[PDB]
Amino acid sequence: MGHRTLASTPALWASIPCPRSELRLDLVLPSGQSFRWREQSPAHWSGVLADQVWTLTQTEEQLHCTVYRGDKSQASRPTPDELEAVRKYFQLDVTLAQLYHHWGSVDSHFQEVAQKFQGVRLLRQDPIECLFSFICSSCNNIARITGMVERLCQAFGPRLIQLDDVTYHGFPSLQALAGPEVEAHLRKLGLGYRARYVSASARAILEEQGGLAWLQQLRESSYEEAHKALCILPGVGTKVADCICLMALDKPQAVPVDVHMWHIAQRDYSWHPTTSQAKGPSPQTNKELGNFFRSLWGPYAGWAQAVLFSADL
């Protein structure tokens, strides 16, 4: 039957109470947090969630979900325990209306731009997929990172199911990305120099850092200790380590600084470096810029920057 829509198979969908002001799929799913979601049908997004294939769509007050179990099982709507994984992925316990109010009460520029861009939250992504997707993000654009990640998963990820002419693949494991000749195979997929960092980082984790448990246990650590620990890996710098902290290690205060953050700080805030004579982007100045937005937005500054990014584009 292929990809389902809300009107195609009514009996196979389950609803989660969720207004559009708490979440907008079209603003978080292709916005550069995850690269493995596709709007196959209008207002219907499909991707891999908790090692299974889901299709999501939202009305005005409900979030409709359906899960594909294939011929292995019988076609049935998602169970209550299955819907809990969807809630955790979107971190629905974090209320956006409250965050928007706190940011708007301490930032006049925030209220003027966030009123039209609501429902911009942050996904809780798996550390493995997040670390390697953003290793490929160096000198890249969203359209190209999406291509590399898709090819990488097709060649090294386990096959799940096939819907229409699409075969969904889970993310590759550490053992697969550390195997022999992985970097040569990845370079034929267009990854460029990033093919070495993927193979090197996967081997450094398994053979020098203690394995997968070392990466996942950075969730318990502090932001400073997790950032320094990530920068050990080859190809992981300050910008990449901040993205993984913010999107996979539950560090909402992480603010990845780049040229986009500089244009916003200078135009909408007249910001300028004071702890460094350098007037442009630099290691000393980029750390000062991250602190400025942490001191101005609070412990959820990373979530606030996601809202300003969606309003700029």
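The first residue of the shown sequence is 1; numbering continues from there.
Looking at 186-194 and 75-83 together, the entry lists the larger mean B-factor for 75-83, computed on C-alpha atoms. The mean Cα B-factor in the deposited entry runs higher for 277-285 than for the other of 277-285 and 32-40.
Taking the PDB entry at face value, the top CA B factor among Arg121, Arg203, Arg124, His109 belongs to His109. Ranked within its chain, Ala114 lands in the highest third, by CA B factor from the PDB record. Per the PDB record, residue ranking by Cα B-factor puts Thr95 in the middle third of the chain. Annotation for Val307: CA B-factor lies in the middle third of the chain's modelled residues. Annotation for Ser138: CA B-factor lies in the highest third of the chain's modelled residues.
In this PDB entry, the Cα temperature factor of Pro17 sits in the middle third of its chain's modelled residues.
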